[PDB]
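**Q** What follows is protein24.pdb, made up of PDB, N, CA, C and O atoms:
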```pdb
ATOM      1  N   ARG A   1       5.374  26.673   0.869  1.00  0.00           N
ATOM      2  CA  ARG A   1       6.026  27.014  -0.438  1.00  0.00           C
ATOM      3  C   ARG A   1       5.184  26.501  -1.625  1.00  0.00           C
ATOM      4  O   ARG A   1       5.727  26.029  -2.606  1.00  0.00           O
ATOM      5  N   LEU A   2       3.871  26.601  -1.534  1.00  0.00           N
ATOM      6  CA  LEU A   2       2.952  26.137  -2.628  1.00  0.00           C
ATOM      7  C   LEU A   2       3.190  24.651  -2.953  1.00  0.00           C
ATOM      8  O   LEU A   2       3.920  24.309  -3.867  1.00  0.00           O
ATOM      9  N   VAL A   3       2.573  23.769  -2.199  1.00  0.00           N
ATOM     10  CA  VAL A   3       2.745  22.294  -2.438  1.00  0.00           C
ATOM     11  C   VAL A   3       2.092  21.874  -3.769  1.00  0.00           C
ATOM     12  O   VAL A   3       1.166  22.520  -4.226  1.00  0.00           O
ATOM     13  N   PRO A   4       2.598  20.806  -4.352  1.00  0.00           N
ATOM     14  CA  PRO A   4       2.058  20.296  -5.641  1.00  0.00           C
ATOM     15  C   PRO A   4       0.908  19.294  -5.408  1.00  0.00           C
ATOM     16  O   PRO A   4       0.879  18.227  -5.998  1.00  0.00           O
ATOM     17  N   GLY A   5      -0.039  19.625  -4.556  1.00  0.00           N
ATOM     18  CA  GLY A   5      -1.180  18.695  -4.289  1.00  0.00           C
ATOM     19  C   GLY A   5      -0.910  17.822  -3.051  1.00  0.00           C
ATOM     20  O   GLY A   5      -1.843  17.403  -2.389  1.00  0.00           O
ATOM     21  N   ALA A   6       0.344  17.540  -2.740  1.00  0.00           N
ATOM     22  CA  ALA A   6       0.686  16.685  -1.549  1.00  0.00           C
ATOM     23  C   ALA A   6      -0.008  17.187  -0.277  1.00  0.00           C
ATOM     24  O   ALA A   6      -0.688  16.441   0.402  1.00  0.00           O
ATOM     25  N   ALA A   7       0.159  18.446   0.032  1.00  0.00           N
ATOM     26  CA  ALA A   7      -0.485  19.028   1.252  1.00  0.00           C
ATOM     27  C   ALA A   7      -1.785  19.763   0.874  1.00  0.00           C
ATOM     28  O   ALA A   7      -2.169  20.721   1.521  1.00  0.00           O
ATOM     29  N   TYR A   8      -2.463  19.320  -0.162  1.00  0.00           N
ATOM     30  CA  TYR A   8      -3.736  19.977  -0.587  1.00  0.00           C
ATOM     31  C   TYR A   8      -4.888  19.007  -0.340  1.00  0.00           C
ATOM     32  O   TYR A   8      -5.799  19.297   0.410  1.00  0.00           O
ATOM     33  N   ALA A   9      -4.835  17.852  -0.961  1.00  0.00           N
ATOM     34  CA  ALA A   9      -5.913  16.827  -0.771  1.00  0.00           C
ATOM     35  C   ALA A   9      -5.897  16.344   0.682  1.00  0.00           C
ATOM     36  O   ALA A   9      -6.927  16.215   1.313  1.00  0.00           O
ATOM     37  N   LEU A  10      -4.719  16.100   1.203  1.00  0.00           N
ATOM     38  CA  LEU A  10      -4.561  15.638   2.623  1.00  0.00           C
ATOM     39  C   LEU A  10      -5.191  16.656   3.585  1.00  0.00           C
ATOM     40  O   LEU A  10      -5.744  16.299   4.609  1.00  0.00           O
ATOM     41  N   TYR A  11      -5.101  17.921   3.251  1.00  0.00           N
ATOM     42  CA  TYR A  11      -5.678  18.996   4.115  1.00  0.00           C
ATOM     43  C   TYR A  11      -7.176  19.158   3.833  1.00  0.00           C
ATOM     44  O   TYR A  11      -7.951  19.449   4.726  1.00  0.00           O
ATOM     45  N   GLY A  12      -7.578  18.967   2.602  1.00  0.00           N
ATOM     46  CA  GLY A  12      -9.022  19.096   2.229  1.00  0.00           C
ATOM     47  C   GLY A  12      -9.789  17.779   2.455  1.00  0.00           C
ATOM     48  O   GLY A  12     -10.976  17.726   2.199  1.00  0.00           O
ATOM     49  N   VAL A  13      -9.146  16.725   2.921  1.00  0.00           N
ATOM     50  CA  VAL A  13      -9.868  15.428   3.150  1.00  0.00           C
ATOM     51  C   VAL A  13     -10.199  15.230   4.638  1.00  0.00           C
ATOM     52  O   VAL A  13     -11.169  14.572   4.969  1.00  0.00           O
ATOM     53  N   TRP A  14      -9.410  15.793   5.526  1.00  0.00           N
ATOM     54  CA  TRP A  14      -9.668  15.651   7.000  1.00  0.00           C
ATOM     55  C   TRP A  14     -11.065  16.175   7.386  1.00  0.00           C
ATOM     56  O   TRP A  14     -11.796  15.475   8.063  1.00  0.00           O
ATOM     57  N   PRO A  15     -11.404  17.378   6.955  1.00  0.00           N
ATOM     58  CA  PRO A  15     -12.736  17.955   7.289  1.00  0.00           C
ATOM     59  C   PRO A  15     -13.865  17.151   6.625  1.00  0.00           C
ATOM     60  O   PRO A  15     -14.968  17.130   7.130  1.00  0.00           O
ATOM     61  N   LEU A  16     -13.598  16.478   5.523  1.00  0.00           N
ATOM     62  CA  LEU A  16     -14.660  15.659   4.854  1.00  0.00           C
ATOM     63  C   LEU A  16     -14.946  14.447   5.737  1.00  0.00           C
ATOM     64  O   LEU A  16     -16.087  14.143   6.025  1.00  0.00           O
ATOM     65  N   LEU A  17     -13.911  13.781   6.184  1.00  0.00           N
ATOM     66  CA  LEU A  17     -14.089  12.596   7.084  1.00  0.00           C
ATOM     67  C   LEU A  17     -14.710  13.104   8.388  1.00  0.00           C
ATOM     68  O   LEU A  17     -15.579  12.471   8.954  1.00  0.00           O
ATOM     69  N   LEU A  18     -14.277  14.261   8.836  1.00  0.00           N
ATOM     70  CA  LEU A  18     -14.837  14.871  10.084  1.00  0.00           C
ATOM     71  C   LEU A  18     -16.334  15.106   9.839  1.00  0.00           C
ATOM     72  O   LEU A  18     -17.165  14.788  10.671  1.00  0.00           O
ATOM     73  N   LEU A  19     -16.667  15.643   8.680  1.00  0.00           N
ATOM     74  CA  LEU A  19     -18.099  15.899   8.318  1.00  0.00           C
ATOM     75  C   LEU A  19     -18.838  14.558   8.253  1.00  0.00           C
ATOM     76  O   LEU A  19     -19.952  14.431   8.718  1.00  0.00           O
ATOM     77  N   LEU A  20     -18.198  13.566   7.684  1.00  0.00           N
ATOM     78  CA  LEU A  20     -18.803  12.198   7.565  1.00  0.00           C
ATOM     79  C   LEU A  20     -18.956  11.562   8.958  1.00  0.00           C
ATOM     80  O   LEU A  20     -19.927  10.875   9.216  1.00  0.00           O
ATOM     81  N   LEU A  21     -18.011  11.792   9.848  1.00  0.00           N
ATOM     82  CA  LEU A  21     -18.086  11.217  11.232  1.00  0.00           C
ATOM     83  C   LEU A  21     -19.319  11.761  11.965  1.00  0.00           C
ATOM     84  O   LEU A  21     -19.986  11.042  12.684  1.00  0.00           O
ATOM     85  N   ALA A  22     -19.616  13.020  11.775  1.00  0.00           N
ATOM     86  CA  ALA A  22     -20.803  13.646  12.436  1.00  0.00           C
ATOM     87  C   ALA A  22     -21.818  14.080  11.362  1.00  0.00           C
ATOM     88  O   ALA A  22     -22.382  15.158  11.426  1.00  0.00           O
ATOM     89  N   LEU A  23     -22.051  13.238  10.376  1.00  0.00           N
ATOM     90  CA  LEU A  23     -23.021  13.577   9.287  1.00  0.00           C
ATOM     91  C   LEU A  23     -24.446  13.154   9.682  1.00  0.00           C
ATOM     92  O   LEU A  23     -24.660  12.047  10.141  1.00  0.00           O
ATOM     93  N   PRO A  24     -25.376  14.060   9.486  1.00  0.00           N
ATOM     94  CA  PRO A  24     -26.801  13.808   9.816  1.00  0.00           C
ATOM     95  C   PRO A  24     -27.529  13.137   8.635  1.00  0.00           C
ATOM     96  O   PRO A  24     -27.107  13.270   7.498  1.00  0.00           O
ATOM     97  N   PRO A  25     -28.603  12.437   8.942  1.00  0.00           N
ATOM     98  CA  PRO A  25     -29.394  11.743   7.886  1.00  0.00           C
ATOM     99  C   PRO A  25     -30.189  12.755   7.045  1.00  0.00           C
ATOM    100  O   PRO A  25     -30.351  13.902   7.428  1.00  0.00           O
ATOM    101  N   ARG A  26     -30.683  12.331   5.904  1.00  0.00           N
ATOM    102  CA  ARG A  26     -31.475  13.248   5.011  1.00  0.00           C
ATOM    103  C   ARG A  26     -32.731  13.788   5.721  1.00  0.00           C
ATOM    104  O   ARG A  26     -33.166  14.892   5.446  1.00  0.00           O
ATOM    105  N   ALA A  27     -33.307  13.029   6.627  1.00  0.00           N
ATOM    106  CA  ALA A  27     -34.528  13.501   7.354  1.00  0.00           C
ATOM    107  C   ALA A  27     -34.173  14.078   8.740  1.00  0.00           C
ATOM    108  O   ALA A  27     -35.056  14.297   9.550  1.00  0.00           O
ATOM    109  N   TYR A  28     -32.897  14.321   9.012  1.00  0.00           N
ATOM    110  CA  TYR A  28     -32.413  14.882  10.322  1.00  0.00           C
ATOM    111  C   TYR A  28     -32.542  13.856  11.466  1.00  0.00           C
ATOM    112  O   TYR A  28     -31.584  13.627  12.180  1.00  0.00           O
ATOM    113  N   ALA A  29     -33.707  13.261  11.629  1.00  0.00           N
ATOM    114  CA  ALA A  29     -33.976  12.245  12.706  1.00  0.00           C
ATOM    115  C   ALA A  29     -34.013  12.913  14.092  1.00  0.00           C
ATOM    116  O   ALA A  29     -35.096  12.997  14.645  1.00  0.00           O
TER     117      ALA A  29
END
```
Translate the structure described by the file into structure tokens.
**A**
Amino acid sequence: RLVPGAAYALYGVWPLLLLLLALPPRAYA
């Protein structure tokens, strides 16, 4: 029902931490 940000940042932050958990270095290594 169009959340007021409550279910927006929480949903857009999981993939960021997921990206950070498997984030590669600037030189790939």
**Q** Please measure the separation of atom O of residue 8 (chain A) and CA of residue 20 (chain A), giving the value in Å to one decimal.
**A** 16.5 Å
**Q** Quick one: pick out all helix (DSSP H, G or I) residues within chain A from a backbone DSSP run and write them as number ranges by chain.
**A** A: 6-21
**Q** Those same residues - N, CA, C and O atoms - I'd like them written as a CSV table (one decimal), keeping the file's coordinate frame.
**A**
```
chain,number,residue,atom,x,y,z
A,6,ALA,N,0.3,17.5,-2.7
A,6,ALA,CA,0.7,16.7,-1.5
A,6,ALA,C,0.0,17.2,-0.3
A,6,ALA,O,-0.7,16.4,0.4
A,7,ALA,N,0.2,18.4,0.0
A,7,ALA,CA,-0.5,19.0,1.3
A,7,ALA,C,-1.8,19.8,0.9
A,7,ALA,O,-2.2,20.7,1.5
A,8,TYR,N,-2.5,19.3,-0.2
A,8,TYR,CA,-3.7,20.0,-0.6
A,8,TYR,C,-4.9,19.0,-0.3
A,8,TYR,O,-5.8,19.3,0.4
A,9,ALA,N,-4.8,17.9,-1.0
A,9,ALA,CA,-5.9,16.8,-0.8
A,9,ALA,C,-5.9,16.3,0.7
A,9,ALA,O,-6.9,16.2,1.3
A,10,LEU,N,-4.7,16.1,1.2
A,10,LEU,CA,-4.6,15.6,2.6
A,10,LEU,C,-5.2,16.7,3.6
A,10,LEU,O,-5.7,16.3,4.6
A,11,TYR,N,-5.1,17.9,3.3
A,11,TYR,CA,-5.7,19.0,4.1
A,11,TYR,C,-7.2,19.2,3.8
A,11,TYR,O,-8.0,19.4,4.7
A,12,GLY,N,-7.6,19.0,2.6
A,12,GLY,CA,-9.0,19.1,2.2
A,12,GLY,C,-9.8,17.8,2.5
A,12,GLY,O,-11.0,17.7,2.2
A,13,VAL,N,-9.1,16.7,2.9
A,13,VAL,CA,-9.9,15.4,3.2
A,13,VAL,C,-10.2,15.2,4.6
A,13,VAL,O,-11.2,14.6,5.0
A,14,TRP,N,-9.4,15.8,5.5
A,14,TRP,CA,-9.7,15.7,7.0
A,14,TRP,C,-11.1,16.2,7.4
A,14,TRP,O,-11.8,15.5,8.1
A,15,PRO,N,-11.4,17.4,7.0
A,15,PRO,CA,-12.7,18.0,7.3
A,15,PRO,C,-13.9,17.2,6.6
A,15,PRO,O,-15.0,17.1,7.1
A,16,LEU,N,-13.6,16.5,5.5
A,16,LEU,CA,-14.7,15.7,4.9
A,16,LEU,C,-14.9,14.4,5.7
A,16,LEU,O,-16.1,14.1,6.0
A,17,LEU,N,-13.9,13.8,6.2
A,17,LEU,CA,-14.1,12.6,7.1
A,17,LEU,C,-14.7,13.1,8.4
A,17,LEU,O,-15.6,12.5,9.0
A,18,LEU,N,-14.3,14.3,8.8
A,18,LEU,CA,-14.8,14.9,10.1
A,18,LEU,C,-16.3,15.1,9.8
A,18,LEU,O,-17.2,14.8,10.7
A,19,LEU,N,-16.7,15.6,8.7
A,19,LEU,CA,-18.1,15.9,8.3
A,19,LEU,C,-18.8,14.6,8.3
A,19,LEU,O,-20.0,14.4,8.7
A,20,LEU,N,-18.2,13.6,7.7
A,20,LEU,CA,-18.8,12.2,7.6
A,20,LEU,C,-19.0,11.6,9.0
A,20,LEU,O,-19.9,10.9,9.2
A,21,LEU,N,-18.0,11.8,9.8
A,21,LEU,CA,-18.1,11.2,11.2
A,21,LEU,C,-19.3,11.8,12.0
A,21,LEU,O,-20.0,11.0,12.7
```
**Q** So how far away is atom O of residue 16 (chain A) from atom N of residue 2 (chain A), in Å?
**A** 24.7 Å
**Q** Could you tell me how far atom N of residue 26 (chain A) lies from atom N of residue 12 (chain A), in Å and to one decimal?
**A** 24.3 Å
**Q** Box in all listed atoms of region 8-14 of chain A, axis-aligned, with 4 Å more on each side; write out centre and edge lengths in Å to one decimal as AutoDock Vina command-line options.
**A**
```
--center_x -7.1 --center_y 17.3 --center_z 3.6 --size_x 17.3 --size_y 13.4 --size_z 17.0
```
